[PDB]
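Shown below, as structure tokens, is a lone chain in the form deposited in one PDB entry; questions about how it binds or moves come after it.
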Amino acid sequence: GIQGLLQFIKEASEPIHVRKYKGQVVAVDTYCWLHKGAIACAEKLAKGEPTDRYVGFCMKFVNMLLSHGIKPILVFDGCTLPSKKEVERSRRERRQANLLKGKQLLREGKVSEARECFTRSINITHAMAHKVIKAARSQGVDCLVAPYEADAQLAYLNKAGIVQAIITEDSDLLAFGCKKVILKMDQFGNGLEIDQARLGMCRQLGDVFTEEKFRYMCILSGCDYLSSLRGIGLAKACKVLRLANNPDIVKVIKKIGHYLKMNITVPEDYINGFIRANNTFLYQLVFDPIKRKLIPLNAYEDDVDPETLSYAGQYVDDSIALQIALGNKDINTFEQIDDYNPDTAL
């Protein structure tokens, strides 16, 4: 997530209700509903005790969407991106830590703080997600498991015209170049909408409303793929991109000390990390629902070599990609754990 982005472009935000998308299709970052639903039953989940409260929690959101004549496409996270394995491990350590020390806090008597310990140990597994998938598909609601991060898949679904809006809590969608993003939606449909074309309402944003420059801004400020240079936030990065009339971002980053009047040393591997971040935001592998084939988020440009983009995910056979996307194949064991067929009755 782009920390502070939502407050940085608040002028482009608008309080809405989902009724305005009646008769249209809306994709959903289901992992947020999964997490907020897991919070209610974090105790049983952390203990391994059987529960399915989060299923109902997600399904009342889904039902709420269905009640207003909206077609929801639930999208789920798939395989972990190779550039975040260390990160996921480092987070898993914290989860297990809060789990154990949570159990010890239960041993010592306080539960209100122990609650706060168990709520930070929540690990959304693919099994839970699959439970939600079955629960939704029993209602005729489409479900699609992303090849990797659901962010890029959602971005594709929106930029292709399959859906007209995206329900999420993560601002990464804005960096992926989404047209419309619905944030902070409760059980009743009251949410906050951000339009890409409305980014012009932000005065301090300057002329950084174009998708490319906006992406550059989000990356330079600091994202999940690359940590920002110490002292570089959203405002200063935006200032750099505003003061830079040069289309070549590399020379700009090399002159980031010049555009800001600061003693900023730019390491040579930071440029590599930046290029990788941009290529990940641009060409992360998604799944085409129509053609049923692994494709990059955006079409490969004539300058970039697609052979050196393994950090954006590697390709597999389209059949395997299909069985993975349908949730029929386990992401980890690559074994058939289901046999859904959308044909015999996205």
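If you superpose the two forms and keep the largest set of C-alpha atoms that fall within 1.5 Å, you have the rigid core. Numbering starts at 1 and runs along the sequence shown.
Unmodelled stretch separating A345 from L346: 4 to 9 residues (count of deposited-sequence residues without coordinates). For the segment pair 312 to 320 and 274 to 282, the entry gives 312 to 320 the higher mean B-factor, averaged over Cα atoms. The stretch 45 to 53 shows the higher mean C-alpha B-factor when 45 to 53 is compared against 288 to 296 in the entry.
Residue set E212, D172, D77, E116: peak C-alpha B-factor at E116 (per PDB entry). For the set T125, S228, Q96, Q153, the maximum C-alpha B-factor listed in the entry falls on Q96. Looking at the C-alpha B-factors along this chain, the one for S13 belongs to the lowest third. Among the modelled residues of the chain, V26 sits in the lowest third by CA temperature factor in this PDB entry.
Ranked within its chain, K179 lands in the lowest third, by CA B factor from the PDB record. Annotation for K255: C-alpha temperature factor in the middle third relative to the rest of the modelled chain, per the entry. Ranked by Cα temperature factor within the chain, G222 sits in the lowest third according to the deposited record.
Separately, the form deposited in another entry exists; it is not shown, and the next lines address it.
Residue shifts between this form and the one not shown, rigid core superposed: of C202, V111, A235, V250, the only C-alpha displaced by 2 Å or more belongs to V111. After superposition on the rigid core, the Cα atom of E86 is displaced by 2 Å or more between this form and the one not shown.
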